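As structure tokens, the structure follows; a few thoughts come after it.
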2 protein chains.
Amino acid sequence: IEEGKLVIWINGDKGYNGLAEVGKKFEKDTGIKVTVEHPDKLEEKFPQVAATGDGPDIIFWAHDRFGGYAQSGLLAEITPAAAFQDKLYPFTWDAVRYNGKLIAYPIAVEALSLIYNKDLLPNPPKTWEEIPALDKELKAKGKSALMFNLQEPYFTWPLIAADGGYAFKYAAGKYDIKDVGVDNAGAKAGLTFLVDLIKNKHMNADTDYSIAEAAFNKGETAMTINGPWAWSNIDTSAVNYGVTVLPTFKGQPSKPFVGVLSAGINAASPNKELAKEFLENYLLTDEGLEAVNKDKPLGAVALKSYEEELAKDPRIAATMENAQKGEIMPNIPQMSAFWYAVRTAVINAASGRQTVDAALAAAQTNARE
Amino acid sequence: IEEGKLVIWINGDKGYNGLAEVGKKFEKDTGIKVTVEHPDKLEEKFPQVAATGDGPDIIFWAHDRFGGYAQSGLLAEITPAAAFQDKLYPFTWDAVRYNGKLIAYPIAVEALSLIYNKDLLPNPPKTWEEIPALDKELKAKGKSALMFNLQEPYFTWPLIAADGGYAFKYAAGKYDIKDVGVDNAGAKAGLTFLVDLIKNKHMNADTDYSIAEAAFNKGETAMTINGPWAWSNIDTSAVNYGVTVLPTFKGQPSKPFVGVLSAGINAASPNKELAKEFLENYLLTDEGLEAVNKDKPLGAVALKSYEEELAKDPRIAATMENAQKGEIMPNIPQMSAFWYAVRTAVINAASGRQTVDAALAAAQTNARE
Ligand SMILES: OC[C@H]1O[C@H](O[C@H]2[C@H](O)[C@@H](O)[C@@H](O)O[C@@H]2CO)[C@H](O)[C@@H](O)[C@@H]1O
Ligand SMILES: OC[C@H]1O[C@H](O[C@H]2[C@H](O)[C@@H](O)[C@@H](O)O[C@@H]2CO)[C@H](O)[C@@H](O)[C@@H]1O
């Protein structure tokens with residue numbers, strides 16, 4: 001492959017002439033020649049040549065082939081700025097993400113359509129089952145009902161998949177409830193640091209929600225850790241406060257468990273419709289959420305409309321920054337057992353009833369049950 | 001629980017008076033009284049009472065508890081219309097999805113942040129490690145560096161998780177390359193229907209891309225199945241055509257494999273920067289994509305700006321309708337083996353060299369090797 005040139009492969013059925021024009025402008029601007037080719041079976045050829053360090057600088061194809069190319073080490077990992085990545089839909093980036101790395105730029109989403117001649121057939125059939133009859137009608141006019149590519153499985157697949165054909169089954173992401181990471185070295189280091197703060201009287205083991213809030217809001221302490229709901233009381237307070245990213249530990253960002261405030265309907269409630277009505281039509285509106293939010297801030301609401309408006313708040317922006325650095329909380333049943341286990345571990349380690357090692361090791365065992 | 005009333009539980013730290021006001025409006029509109037309560041330990045109480053068929057009509061909590069509630073059969077499965085579901089961010093719906101069912105309405109996302117008093121501390125510490133020193137300084141002023149709730153593990157967890165603490169390890173959703181669904185009854189039914197169309201001379205097994213396109217564009221056939229790239233040639237043709245949803249089979253929507261045309265960069269290319277420049281700055285622009293699109297339509301482009309403009313096209317709308325009913329293609333290496341397997345099966349079944357059963361059974365084995 002020549003340096004200071006760009007060779008592009010794209011399939012013949014796509015607008016390679018249009019791409020070539022983009023190449024002409026690139027050449028005009030940069031003096032770098034851009035050669036667009038559409039070889040036969042380019043998608044089969046590319047691996048073969050690319051293995052040998054030869055072939056095009058850029059290959060165009062549906063993403064489905066690229067995992068294979070990546071796995072063979074034929075694709076360079078792409079590194080677009082976050083700014084650029086935001087310009088494309090995330091699901092298209094998912095298509096080109098292989099083993100965590102981006103391996104291609106998404107370009108366009110292609111799906112088969114039923115294309116019909118309005119002059120022969122003003123209302124196309126809504127079922128496949130109608131087509132034989134339609135064909136009978138049309139054959140009497142020396143026409144046929146339907147013809148499409150039967151050589152490529154891509155074209156016949158929609159009908160094959162229709163009643164439950166699939167390629168490979170997608171396994172849901174499970175949670176390993178035997179993989180507990182409370183007693184690993186990361187947890188130990190973190191908690192040890194916390195215990196050390198207490199030991200050096202920088203913090204008091206006795207501190208609870210009330211004490212912490214009152215101390216911060218009385219301007220007795222420089223900083224607190226708390227969620228959106230807390231802001232109301234700080235606004236009440238004469239304290240001029242900022243809401244920011246959590247501090248790093250060992251150069252890693254603090255990783256808060258993210259909650260989704262959520263409204264469940266009692267299975268035993270005879271008022272399910274009413275519950276549905278209230279939540280859907282009253283609470284989950286700009287007006288409803290604003291009412292709650294005005295009392296105590298919710299944070300980043302789940303309703304897109306109001307959230308967009310709320311996101312202007314730098315406190316909410318900080319909320320979301322910390323959210324992204326942290327993890328959404330599992331909703332599995334074992335979560336309560338996990339919480340209880342860590343609660344006890346922290347308390348006992350902080351109070352000095354137990355060492356960090358022993359406390360966490362105990363939590364490990366408790367959380368696993 | 002009493003019918004024709006609504007009892008709501010929400011934690012005391014959230015804005016329950018504001019919620020109550022939403023309840024007052026609901027009552028005004030519907031005459032249904034809404035009682036908002038904030039019991040102590042409501043999250044522990046709810047399961048207890050709910051088991052007995054009693055408790056609030058609606059329970060509010062972070063999603064983390066709801067899996068547990070669901071598992072105990074305390075929550076009614078919620079059924080919002082797709083229209084409503086689109087109004088909330090999907091990741092919040094994920095939080096409330098348990099064993100495939102929605103079990104709660106997501107309300108708002110909460111994350112702990114560092115809150116600091118700008119008047120005491122204009123620049124908050126970017127690391128935990130600075131805090132001891134900061135505290136020393138502040139104690140000499142009769143203040144402390146940090147105080148927060150140590151009694152709830154939620155507050156200490158960010159530091160514990162920071163350096164690699166985790167609850168339970170989350171296993172990413174795999175693709176099972178041993179679970180192949182080409183020879184299931186849905187695939188058999190679909191392909192059988194196709195073979196039957198050929199057997200009844202409604203279609204010719206020999207029909208390929210060229211033949212199909214030429215036939216439709218010459219107004220010889222009522223319908224073809226094809227992608228956006230095909231439209232150019234039909235516009236050229238005097239044919240008056242529409243682009244629509246694929247027909248249903250056995251009252252199921254056709255499920256086309258969705259491809260994302262994507263551009264990968266050759267790992268062996270010395271021109272990687274140039275490739276990056278061209279793709280990012282020339283192709284993936286309104287202008288670049290318009291150039292390609294004008295030659296042969298791309299469909300729904302991945303670039304948000306241009307896509308929004310393109311979406312006005314009813315052909316693209318139909319494209320997206322079909323896309324949503326179908327599935328994005330896996331990008332895994334085994335995809336090529338899958339395609340090859342189906343290609344052969346279809347050809348052999350259509351040509352009549354093999355029966356649908358034998359062809360698909362063979363494809364099954366070939367796809368899983
Ligand atoms: O067939 C033309 C059309 O389909 C393509 O799908 C291919 C797939 O990408 C290949 O790897 C192949 O082995 O099987 C499929 C067709 O059976 C492309 O996805 C698409 O862009 C192209 O226009
Ligand atoms: O702790 C109060 C504050 O955090 C909560 O997180 C809880 C969790 O929800 C509970 O079930 C518990 O066992 O563990 C965590 C605290 O350890 C809520 O998620 C949050 O909204 C609440 O305001």
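Following the order of the structure tokens, chains are lettered A, B, ..., residues in each are numbered from 1, and ligands are numbered from 1.
All C-alpha atoms of chain A and chain B, which share one sequence, were paired in order; after least-squares superposition their RMSD is 0.9 Å.
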(message) Hey, which residues sit close to ligand 2? Say within 7 Å, counting only C-alpha atoms and all ligand atoms, and write them as a ChimeraX atom specification.
(response) /A:259,261,336,339-340,343 /B:13,43,61-62,64-65,110,152-154
(message) Please return, as a ChimeraX atom specification, all residues of range 87-281 of chain B that DSSP assigns to strand (DSSP E) on the basis of the backbone.
(response) /B:97-98,101-102,104-110,113-117,144-146,166-170,175-181,221-226,241-244,257-266
(request) Write out as a PyMOL selection string each polymer residue (protein, DNA or RNA) that has an atom no more than 10 Å from ligand 1, with only C-alpha atoms and all ligand atoms counted. (result) (chain A and resi 10-14+41+43-44+60-66+68+108-112+149-157) or (chain B and resi 209+226-230+257-262+298+329+331+335-343)
(message) What's around residue 356 in chain A at 9 Å? Count only C-alpha atoms, leave out sequence neighbours fewer than 2 positions away in its own chain, and write the answer as a ChimeraX atom specification.
(response) /A:188-189,191-192,195,345-346,348-350,352,354,358-361
For the residues selected in the previous step, produce a file with C-alpha atoms as a tab-separated table (two decimals), in the first residue's frame.
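Output below, filename out.tsv:
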```
chain	number	residue	atom	x	y	z
A	188	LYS	CA	-9.66	-3.02	51.37
A	189	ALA	CA	-7.56	-0.08	50.23
A	191	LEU	CA	-12.09	1.27	53.36
A	192	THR	CA	-8.65	1.28	55.00
A	195	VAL	CA	-10.70	4.04	58.69
A	345	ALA	CA	-18.45	-4.21	57.59
A	346	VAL	CA	-18.08	-0.44	57.33
A	348	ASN	CA	-17.36	-2.41	62.46
A	349	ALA	CA	-14.20	-1.40	60.64
A	350	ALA	CA	-14.79	2.32	61.25
A	352	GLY	CA	-12.66	-0.43	65.24
A	354	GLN	CA	-13.02	-5.40	63.59
A	358	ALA	CA	-11.83	-9.25	58.84
A	359	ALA	CA	-14.86	-6.97	58.36
A	360	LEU	CA	-14.75	-7.16	54.56
A	361	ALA	CA	-13.98	-10.87	54.50
```
(request) From the DSSP assignment of the backbone, select every residue of range 41-278 of chain A that is helix (DSSP H, G or I), and format the answer as a ChimeraX atom specification. (result) /A:42-51,63-71,82-85,90-95,128-139,153-162,185-199,209-217,228-236,272-278
Show which residues sit within 9 Å of range 175-182 of chain B, as a short mmCIF file (atom, residue, chain, number, x, y, z; two decimals) with N, CA, C and O atoms, in the first residue's frame. Count only C-alpha atoms, and ignore same-chain residues fewer than 2 positions away.
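Ended up saving to result_11.cif:
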```
data_model
loop_
_atom_site.label_atom_id
_atom_site.label_comp_id
_atom_site.auth_asym_id
_atom_site.auth_seq_id
_atom_site.Cartn_x
_atom_site.Cartn_y
_atom_site.Cartn_z
N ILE A 160 -37.66 -16.07 6.47
CA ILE A 160 -37.17 -17.21 7.22
C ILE A 160 -37.20 -16.88 8.72
O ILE A 160 -37.60 -17.71 9.54
N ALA A 161 -36.83 -15.63 9.05
CA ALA A 161 -36.74 -15.16 10.42
C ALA A 161 -38.12 -14.82 10.97
O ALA A 161 -38.30 -14.76 12.18
N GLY A 164 -39.61 -17.13 13.48
CA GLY A 164 -38.78 -17.44 14.63
C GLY A 164 -37.42 -18.02 14.27
O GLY A 164 -36.71 -18.51 15.15
N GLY A 165 -37.05 -17.97 12.99
CA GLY A 165 -35.67 -18.22 12.59
C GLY A 165 -34.75 -17.16 13.19
O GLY A 165 -35.12 -15.99 13.30
N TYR A 166 -33.56 -17.59 13.63
CA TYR A 166 -32.54 -16.67 14.11
C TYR A 166 -31.17 -17.27 13.83
O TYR A 166 -31.03 -18.49 13.68
N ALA A 167 -30.16 -16.40 13.77
CA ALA A 167 -28.79 -16.81 13.52
C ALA A 167 -28.22 -17.48 14.77
O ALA A 167 -28.20 -18.71 14.88
N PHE A 168 -27.79 -16.62 15.71
CA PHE A 168 -27.23 -17.04 16.97
C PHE A 168 -28.04 -16.37 18.07
O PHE A 168 -28.38 -15.21 17.92
N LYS A 169 -28.33 -17.14 19.13
CA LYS A 169 -29.14 -16.65 20.24
C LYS A 169 -28.33 -15.62 21.01
O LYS A 169 -27.13 -15.81 21.23
N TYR A 170 -29.01 -14.55 21.44
CA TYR A 170 -28.39 -13.56 22.31
C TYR A 170 -28.67 -13.86 23.77
O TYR A 170 -29.80 -13.84 24.20
N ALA A 171 -27.62 -14.12 24.53
CA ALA A 171 -27.71 -14.39 25.94
C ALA A 171 -27.80 -13.06 26.69
O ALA A 171 -26.95 -12.21 26.46
N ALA A 172 -28.79 -12.88 27.58
CA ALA A 172 -28.84 -11.69 28.41
C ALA A 172 -27.60 -11.60 29.30
O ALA A 172 -27.08 -12.62 29.76
N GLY B 173 -23.60 -9.53 28.05
CA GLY B 173 -24.42 -10.35 27.18
C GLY B 173 -23.64 -10.92 26.00
O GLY B 173 -23.18 -10.17 25.14
N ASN B 184 -34.94 -24.48 13.24
CA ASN B 184 -36.15 -24.50 14.05
C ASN B 184 -37.37 -24.40 13.15
O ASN B 184 -37.26 -24.18 11.94
N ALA B 185 -38.56 -24.56 13.74
CA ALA B 185 -39.75 -24.70 12.93
C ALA B 185 -40.11 -23.37 12.27
O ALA B 185 -40.70 -23.38 11.19
N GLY B 186 -39.71 -22.24 12.86
CA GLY B 186 -40.00 -20.94 12.28
C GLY B 186 -39.25 -20.71 10.97
O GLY B 186 -39.79 -20.18 9.99
N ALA B 187 -37.98 -21.13 10.97
CA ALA B 187 -37.14 -21.07 9.78
C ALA B 187 -37.71 -22.01 8.73
O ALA B 187 -37.82 -21.62 7.57
N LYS B 188 -38.08 -23.24 9.13
CA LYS B 188 -38.60 -24.24 8.22
C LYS B 188 -39.87 -23.71 7.57
O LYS B 188 -40.04 -23.85 6.36
N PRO B 330 -25.44 -9.36 14.27
CA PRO B 330 -24.26 -9.61 15.09
C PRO B 330 -23.02 -9.26 14.24
O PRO B 330 -23.06 -9.38 13.01
N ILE B 332 -20.06 -10.65 15.07
CA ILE B 332 -19.13 -11.69 15.47
C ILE B 332 -18.51 -12.38 14.26
O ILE B 332 -19.11 -12.44 13.18
N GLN B 334 -18.42 -15.46 13.59
CA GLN B 334 -19.12 -16.63 13.09
C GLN B 334 -20.22 -16.23 12.13
O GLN B 334 -20.84 -17.10 11.52
N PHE B 338 -22.33 -18.40 9.26
CA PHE B 338 -23.78 -18.45 9.30
C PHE B 338 -24.33 -18.13 7.90
O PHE B 338 -25.18 -18.84 7.39
N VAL B 342 -26.65 -20.56 5.34
CA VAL B 342 -27.98 -20.27 4.87
C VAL B 342 -28.01 -20.15 3.35
O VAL B 342 -28.98 -20.60 2.73
N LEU B 360 -31.88 -27.21 5.79
CA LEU B 360 -31.75 -26.39 7.00
C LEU B 360 -31.00 -27.15 8.08
O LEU B 360 -30.23 -26.55 8.83
N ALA B 361 -31.25 -28.45 8.18
CA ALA B 361 -30.53 -29.25 9.16
C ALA B 361 -29.04 -29.17 8.85
O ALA B 361 -28.21 -29.03 9.76
N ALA B 363 -27.57 -26.69 7.25
CA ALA B 363 -27.17 -25.32 7.55
C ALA B 363 -26.89 -25.19 9.04
O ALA B 363 -25.91 -24.56 9.43
N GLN B 364 -27.78 -25.77 9.87
CA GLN B 364 -27.64 -25.79 11.32
C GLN B 364 -26.24 -26.25 11.70
O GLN B 364 -25.52 -25.58 12.43
N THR B 365 -25.83 -27.41 11.16
CA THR B 365 -24.54 -27.98 11.46
C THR B 365 -23.43 -27.09 10.91
O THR B 365 -22.43 -26.87 11.60
N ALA B 367 -23.50 -23.86 10.36
CA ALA B 367 -23.45 -22.55 10.98
C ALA B 367 -22.73 -22.67 12.32
O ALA B 367 -22.12 -21.70 12.77
N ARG B 368 -22.77 -23.87 12.90
CA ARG B 368 -22.16 -24.06 14.24
C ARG B 368 -20.82 -24.77 14.13
O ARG B 368 -20.55 -25.66 14.95
N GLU B 369 -20.00 -24.40 13.15
CA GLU B 369 -18.66 -25.02 12.99
C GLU B 369 -17.68 -23.95 12.51
O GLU B 369 -18.04 -23.24 11.56
#
```
(message) For range 274-290 of chain A, find every residue with an atom within 10 Å (counting only C-alpha atoms), except residues of its own chain fewer than 6 positions away, and show them as a VMD selection string.
(response) (chain A and resid 263 to 266 296 to 298 301 to 307 309 to 310) or (chain B and resid 3 to 8 18 to 19 21 to 23 25 to 27 29 to 30 32 34 57 to 58 78 to 81 84 to 85 87 to 88 105 to 108)
(request) Would you mind telling me which residue in A:82, A:96, A:76, A:194 lies nearest to residue 347 in chain A when using only C-alpha atoms? (result)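 Smallest distance to residue 347 in chain A is found for A:194.
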If we count only C-alpha atoms and set the cut-off at 9 Å, which residues sit around residue 267 in chain A, ignoring sequence neighbours fewer than 3 positions away in its own chain? Please answer as a short mmCIF file (atom, residue, chain, number, x, y, z; two decimals) with C-alpha atoms, in the first residue's frame.
```cif
data_model
loop_
_atom_site.label_atom_id
_atom_site.label_comp_id
_atom_site.auth_asym_id
_atom_site.auth_seq_id
_atom_site.Cartn_x
_atom_site.Cartn_y
_atom_site.Cartn_z
CA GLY A 264 -43.72 0.14 41.85
CA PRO A 270 -57.17 -3.30 43.22
CA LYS A 272 -53.76 -0.75 39.34
CA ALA B 50 -47.31 -6.61 50.77
CA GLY B 53 -51.85 -8.48 50.33
CA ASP B 57 -50.88 1.09 46.18
CA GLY B 73 -44.36 -11.44 43.79
CA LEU B 74 -45.14 -8.14 45.48
CA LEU B 75 -45.06 -6.02 42.31
CA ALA B 76 -47.53 -5.85 39.48
CA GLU B 77 -45.92 -5.93 36.01
#
```
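With distances restricted to only C-alpha atoms, A:355 is the closest residue to residue 196 in chain A from A:113, A:17, A:355, A:48.
Of the listed residues A:55, A:15, A:100, A:122, the one whose atoms come nearest to chain B is A:15, with distances taken using only C-alpha atoms.
The smallest atom-to-atom distance between chain A and any of B:236, B:208, B:40, B:70, using only C-alpha atoms, is found for B:208.
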(request) Go through A:133, A:211, A:362, A:162 one by one, measure the shortest atom-to-atom distance of each to chain B using only C-alpha atoms, and give the residue with the smallest value. (result) A:162
(request) Grab the CA of residue 224 in chain B to CA of residue 366 in chain B distance for me, in Å with one decimal place. (result) 29.4 Å
(message) Considering only C-alpha atoms, can you say which of A:116, A:148, A:102, A:67 comes closest to residue 214 in chain B?
(response)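 The answer is A:148, which sits nearest to residue 214 in chain B.
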